[PDB]
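Visitor: Contents of my_file03.cif (mmCIF, C-alpha atoms and all ligand atoms):
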```cif
data_input
#
loop_
_atom_site.label_atom_id
_atom_site.label_comp_id
_atom_site.auth_asym_id
_atom_site.auth_seq_id
_atom_site.Cartn_x
_atom_site.Cartn_y
_atom_site.Cartn_z
CA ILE A 1 2.41 3.41 12.66
CA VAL A 2 4.04 3.11 16.07
CA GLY A 3 4.51 6.26 18.15
CA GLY A 4 2.53 8.50 15.74
CA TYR A 5 -0.56 10.67 16.09
CA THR A 6 -4.12 10.62 14.71
CA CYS A 7 -3.87 12.51 11.43
CA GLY A 8 -7.42 13.84 11.41
CA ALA A 9 -10.08 12.85 8.90
CA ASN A 10 -9.10 13.42 5.31
CA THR A 11 -5.97 15.47 6.13
CA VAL A 12 -3.88 13.09 4.01
CA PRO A 13 -6.01 13.16 0.87
CA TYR A 14 -3.73 11.07 -1.34
CA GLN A 15 -3.68 8.13 1.16
CA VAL A 16 -5.71 5.16 -0.07
CA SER A 17 -6.50 1.78 1.59
CA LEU A 18 -6.20 -1.36 -0.55
CA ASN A 19 -9.02 -3.73 0.34
CA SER A 20 -9.49 -7.37 -0.63
CA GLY A 21 -12.28 -8.09 1.86
CA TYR A 22 -10.30 -6.20 4.51
CA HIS A 23 -7.55 -3.51 4.53
CA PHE A 24 -4.16 -5.06 3.74
CA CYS A 25 -1.87 -2.20 2.50
CA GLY A 26 -1.70 1.49 1.82
CA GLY A 27 -1.12 3.32 -1.44
CA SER A 28 -0.81 6.87 -2.82
CA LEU A 29 -3.11 8.41 -5.45
CA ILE A 30 -0.92 10.00 -8.15
CA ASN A 31 -3.63 11.03 -10.64
CA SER A 32 -7.33 10.34 -11.00
CA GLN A 33 -6.73 6.88 -12.47
CA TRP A 34 -3.56 5.54 -10.79
CA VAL A 35 -2.26 4.53 -7.42
CA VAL A 36 1.44 3.85 -6.35
CA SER A 37 1.97 1.03 -3.79
CA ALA A 38 4.54 -1.61 -2.85
CA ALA A 39 5.06 -4.66 -5.09
CA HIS A 40 4.97 -6.91 -2.02
CA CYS A 41 1.34 -5.79 -1.65
CA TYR A 42 0.33 -7.30 -5.03
CA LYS A 43 -2.73 -9.52 -5.18
CA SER A 44 -5.62 -9.88 -7.56
CA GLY A 45 -9.09 -8.53 -6.73
CA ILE A 46 -8.04 -5.20 -5.16
CA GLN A 47 -10.60 -2.54 -4.38
CA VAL A 48 -9.05 0.88 -3.91
CA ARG A 49 -10.66 2.93 -1.09
CA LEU A 50 -10.26 6.68 -1.33
CA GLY A 51 -11.38 9.40 1.09
CA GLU A 52 -11.00 7.05 4.11
CA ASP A 53 -10.53 7.95 7.76
CA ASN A 54 -12.16 5.21 9.83
CA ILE A 55 -11.74 2.18 7.54
CA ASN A 56 -14.50 0.27 9.42
CA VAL A 57 -17.24 2.93 9.18
CA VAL A 58 -18.75 4.66 6.20
CA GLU A 59 -18.36 8.35 7.10
CA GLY A 60 -19.41 10.03 3.82
CA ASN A 61 -16.25 11.01 1.84
CA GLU A 62 -15.20 7.59 0.56
CA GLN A 63 -14.91 6.46 -3.03
CA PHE A 64 -14.58 2.66 -3.57
CA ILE A 65 -13.22 1.78 -7.04
CA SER A 66 -12.03 -1.67 -8.14
CA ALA A 67 -8.63 -2.07 -9.82
CA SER A 68 -8.69 -2.89 -13.51
CA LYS A 69 -5.01 -4.00 -13.52
CA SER A 70 -1.87 -4.09 -11.41
CA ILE A 71 1.67 -3.61 -12.76
CA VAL A 72 4.53 -4.84 -10.58
CA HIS A 73 7.92 -3.33 -11.40
CA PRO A 74 9.91 -5.34 -14.02
CA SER A 75 12.83 -5.82 -11.66
CA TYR A 76 10.98 -6.47 -8.36
CA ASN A 77 12.78 -9.18 -6.32
CA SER A 78 10.64 -10.46 -3.51
CA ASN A 79 13.65 -11.99 -1.67
CA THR A 80 15.71 -8.76 -1.42
CA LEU A 81 12.71 -6.36 -1.78
CA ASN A 82 14.67 -4.45 -4.40
CA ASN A 83 12.33 -2.36 -6.58
CA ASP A 84 9.37 -2.76 -4.14
CA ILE A 85 6.92 -0.69 -6.25
CA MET A 86 3.78 -1.38 -8.25
CA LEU A 87 1.10 0.67 -10.04
CA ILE A 88 -2.64 0.02 -9.75
CA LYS A 89 -5.09 1.43 -12.37
CA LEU A 90 -8.67 2.19 -11.28
CA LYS A 91 -11.57 0.90 -13.43
CA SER A 92 -13.01 4.46 -13.35
CA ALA A 93 -11.45 7.81 -12.53
CA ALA A 94 -11.78 9.10 -8.94
CA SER A 95 -13.67 12.33 -8.32
CA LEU A 96 -10.89 14.65 -7.15
CA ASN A 97 -11.76 17.14 -4.43
CA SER A 98 -10.18 18.59 -1.25
CA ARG A 99 -10.38 15.14 0.54
CA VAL A 100 -9.41 12.96 -2.40
CA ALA A 101 -6.39 14.41 -4.16
CA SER A 102 -3.32 13.27 -5.95
CA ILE A 103 0.25 13.71 -4.65
CA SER A 104 2.83 15.00 -7.13
CA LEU A 105 5.84 12.83 -8.03
CA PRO A 106 9.30 14.23 -7.15
CA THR A 107 11.61 16.02 -9.60
CA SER A 108 14.69 15.18 -7.67
CA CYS A 109 15.50 12.93 -4.73
CA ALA A 110 15.14 14.22 -1.17
CA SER A 111 18.24 14.40 1.01
CA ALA A 112 18.98 12.90 4.42
CA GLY A 113 17.65 15.23 7.15
CA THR A 114 14.53 16.17 5.17
CA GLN A 115 11.40 15.92 7.15
CA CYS A 116 8.65 13.57 5.86
CA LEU A 117 5.07 12.53 6.71
CA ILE A 118 4.46 8.76 6.84
CA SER A 119 0.88 7.50 7.25
CA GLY A 120 -1.21 4.35 7.40
CA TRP A 121 -3.60 2.02 9.20
CA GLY A 122 -0.89 -0.47 10.33
CA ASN A 123 -0.15 -1.85 13.81
CA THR A 124 0.47 0.76 16.48
CA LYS A 125 2.61 -1.49 18.85
CA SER A 126 6.19 -2.66 18.68
CA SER A 127 5.31 -5.76 20.80
CA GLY A 128 1.99 -7.39 20.22
CA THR A 129 -0.79 -6.12 18.02
CA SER A 130 -3.34 -3.35 17.96
CA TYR A 131 -4.80 -1.94 14.72
CA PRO A 132 -6.27 1.46 14.57
CA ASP A 133 -9.41 2.16 12.67
CA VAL A 134 -8.51 5.81 11.88
CA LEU A 135 -5.51 6.96 9.89
CA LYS A 136 -2.18 7.44 11.82
CA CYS A 137 0.60 9.81 10.94
CA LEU A 138 4.32 10.18 11.84
CA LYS A 139 6.75 13.00 11.07
CA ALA A 140 10.24 11.51 10.61
CA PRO A 141 13.49 12.47 8.89
CA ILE A 142 15.25 10.67 6.10
CA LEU A 143 18.44 9.07 7.51
CA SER A 144 21.80 9.14 5.84
CA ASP A 145 22.72 6.31 3.42
CA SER A 146 25.68 5.46 5.51
CA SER A 147 23.57 4.97 8.80
CA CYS A 148 20.92 3.03 6.80
CA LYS A 149 23.64 0.66 5.57
CA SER A 150 25.15 0.29 8.95
CA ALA A 151 21.78 -0.48 10.37
CA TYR A 152 21.13 -3.21 7.77
CA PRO A 153 24.45 -4.56 6.52
CA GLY A 154 24.27 -6.19 3.10
CA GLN A 155 20.61 -5.22 2.43
CA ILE A 156 20.23 -1.59 1.38
CA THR A 157 20.21 -1.06 -2.36
CA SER A 158 20.32 2.19 -4.33
CA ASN A 159 16.46 1.90 -4.57
CA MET A 160 15.96 2.10 -0.77
CA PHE A 161 16.35 4.70 1.98
CA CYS A 162 15.83 4.68 5.72
CA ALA A 163 13.67 7.14 7.64
CA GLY A 164 12.80 7.38 11.29
CA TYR A 165 14.73 7.35 14.57
CA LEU A 166 17.75 5.17 15.43
CA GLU A 167 16.60 5.44 19.03
CA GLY A 168 13.43 3.50 18.06
CA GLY A 169 9.92 4.25 19.44
CA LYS A 170 8.39 5.74 16.22
CA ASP A 171 8.20 3.88 12.96
CA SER A 172 5.94 2.39 10.32
CA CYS A 173 4.71 -1.16 10.88
CA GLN A 174 2.84 -4.14 9.49
CA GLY A 175 -0.27 -2.92 7.53
CA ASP A 176 1.37 0.41 6.58
CA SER A 177 3.20 -1.20 3.62
CA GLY A 178 2.61 0.44 0.25
CA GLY A 179 1.67 3.76 1.84
CA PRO A 180 3.23 7.22 1.35
CA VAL A 181 6.32 9.00 2.63
CA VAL A 182 5.74 12.61 1.53
CA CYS A 183 8.50 15.24 1.96
CA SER A 184 8.03 18.92 0.91
CA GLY A 185 4.74 18.03 -0.84
CA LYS A 186 6.18 15.24 -3.05
CA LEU A 187 5.97 11.45 -2.83
CA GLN A 188 9.51 10.35 -2.03
CA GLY A 189 8.95 6.92 -0.47
CA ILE A 190 6.78 3.89 -0.22
CA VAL A 191 6.55 1.93 3.06
CA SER A 192 8.54 -1.22 2.26
CA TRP A 193 10.21 -3.18 5.12
CA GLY A 194 12.34 -3.26 8.24
CA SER A 195 13.04 -5.63 11.13
CA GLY A 196 10.20 -5.41 13.51
CA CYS A 197 8.88 -1.91 14.27
CA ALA A 198 10.24 0.91 16.30
CA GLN A 199 13.28 -1.13 17.55
CA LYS A 200 16.56 0.53 18.34
CA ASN A 201 18.90 0.75 15.33
CA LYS A 202 16.25 -0.75 12.98
CA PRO A 203 14.53 2.20 11.24
CA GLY A 204 12.00 1.73 8.50
CA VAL A 205 13.14 1.11 4.95
CA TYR A 206 11.35 2.78 2.03
CA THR A 207 11.30 2.43 -1.74
CA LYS A 208 13.13 5.43 -3.30
CA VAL A 209 10.35 6.80 -5.55
CA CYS A 210 12.58 9.38 -7.32
CA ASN A 211 14.35 6.47 -9.08
CA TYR A 212 11.06 5.36 -10.68
CA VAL A 213 9.56 8.55 -12.07
CA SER A 214 10.34 7.82 -15.68
CA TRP A 215 9.00 4.21 -15.34
CA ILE A 216 5.86 5.54 -13.66
CA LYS A 217 5.19 8.18 -16.31
CA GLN A 218 5.85 5.93 -19.29
CA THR A 219 3.78 3.12 -17.81
CA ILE A 220 0.82 5.45 -17.23
CA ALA A 221 1.21 6.92 -20.75
CA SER A 222 0.69 3.43 -22.39
CA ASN A 223 -1.75 1.67 -20.03
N1 LIG A 301 9.23 -0.74 10.63
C1 LIG A 301 9.17 -0.69 9.15
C2 LIG A 301 8.26 -1.75 8.59
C3 LIG A 301 7.51 -1.43 7.48
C4 LIG A 301 6.51 -2.25 7.00
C5 LIG A 301 6.25 -3.49 7.60
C6 LIG A 301 7.01 -3.81 8.70
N2 LIG A 301 6.66 -5.05 9.35
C7 LIG A 301 6.02 -6.13 8.80
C8 LIG A 301 5.90 -7.17 9.71
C9 LIG A 301 6.52 -6.58 10.84
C10 LIG A 301 6.94 -5.29 10.68
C11 LIG A 301 7.96 -2.96 9.21
CA CA A 302 -14.69 4.89 6.17
#
```
Would you write the structure of this file as structure tokens?
Guide:
Amino acid sequence: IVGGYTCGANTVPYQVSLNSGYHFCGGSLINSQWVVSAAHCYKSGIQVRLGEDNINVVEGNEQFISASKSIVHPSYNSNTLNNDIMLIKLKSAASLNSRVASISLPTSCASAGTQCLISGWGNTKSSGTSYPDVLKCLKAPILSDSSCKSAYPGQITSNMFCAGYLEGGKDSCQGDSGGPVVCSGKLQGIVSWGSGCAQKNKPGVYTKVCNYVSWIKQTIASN
């Protein structure tokens, strides 16, 4: 997250870190057994880390649970990033508490202008590279479809939305992918892509989670 703030330990209790020897992507806990992330984050051998603040130090609220399976969306295209969503099942259920909690799925799609909280452990600089160890947060609005399309001609599908600031300065970034965009207490987005970070006229692009609720629920119901 570029241009954000330190969230505070365990203030974003549905945020998980995906670890394969190291943090590589975020995710969102949606019930005790399942995490939502980005399909472009798929790999084998994922360990889900819950209850994290400083991802380099054991601080006492973590739960580390290996994935028993990953399910990438049936229509994910890694060239266009259309349908950039996957589900990850935990080998055992998380212990839910005030610091490890699931985020409800939306009932309807959020509108442009709605305020959202975007979070992750990604790079904090537009130019060059500095990772944070503690979780970062950014409040940002959803942008109109028309401005998202004008920002990225030929590349915004009906499964994507933009959020952030056309002026630049404040955006998600590398290492935040797969993490949450929460608006009015529901998961509306997944950190997906953009062109650099925090550049003028290049806001972040997010998977539109409200399009996937019926796939999510029916996949969980049979896996
Ligand atoms: N600024 C949005 C965004 C989201 C997620 C990743 C990236 N990114 C990856 C490499 C460089 C930037 C950007
Ligand atoms: Ca930790």
Visitor: Find the residue from A:222, A:177, A:148, A:10 that sits nearest to residue 27 of chain A; use all atoms listed in the file when measuring.
Guide: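 With all atoms listed in the file as the atom set, the closest residue is A:177.
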Visitor: Let me have all residues with an atom within 9 Å of ligand LIG 301 (chain A), counting all atoms listed in the file, laid out as JSON, numbers by chain.
Guide: {"A": [1, 2, 122, 123, 126, 164, 170, 171, 172, 173, 174, 175, 176, 177, 178, 191, 192, 193, 194, 195, 196, 197, 198, 199, 202, 203, 204, 205, 206]}
Visitor: Find the residues near ligand CA 302 (chain A). Use a cut-off of 6 Å, count only C-alpha atoms and all ligand atoms, and write them as a ChimeraX atom specification.
Guide: /A:52-59
Visitor: Considering only C-alpha atoms, state which residue in the set A:118, A:46, A:151, A:81 is at the smallest distance from residue 137 of chain A.
Guide: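 When distances to residue 137 of chain A are compared using only C-alpha atoms, the smallest one comes from A:118.
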Visitor: Between atom CA of residue 165 of chain A and atom CA of residue 115 of chain A, what is the distance in Å, rounded to a tenth?
Guide: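 Computing it gives 11.8 Å between the two atoms.
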Visitor: What does the distance from atom CA of residue 104 of chain A to atom CA of residue 36 of chain A come to in Å, to one decimal?
Guide: 11.3 Å
Visitor: Between A:201, A:83, A:132, A:147, which one has atoms that come closest to residue 189 of chain A, using all atoms listed in the file?
Guide: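 Of the candidates, the smallest distance to residue 189 of chain A is held by A:83.
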Visitor: Mind giving me the straight-line distance from atom CA of residue 32 of chain A to atom CA of residue 84 of chain A in Å, one decimal?
Guide: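 Rounded to one decimal, the two atoms are 22.3 Å apart.
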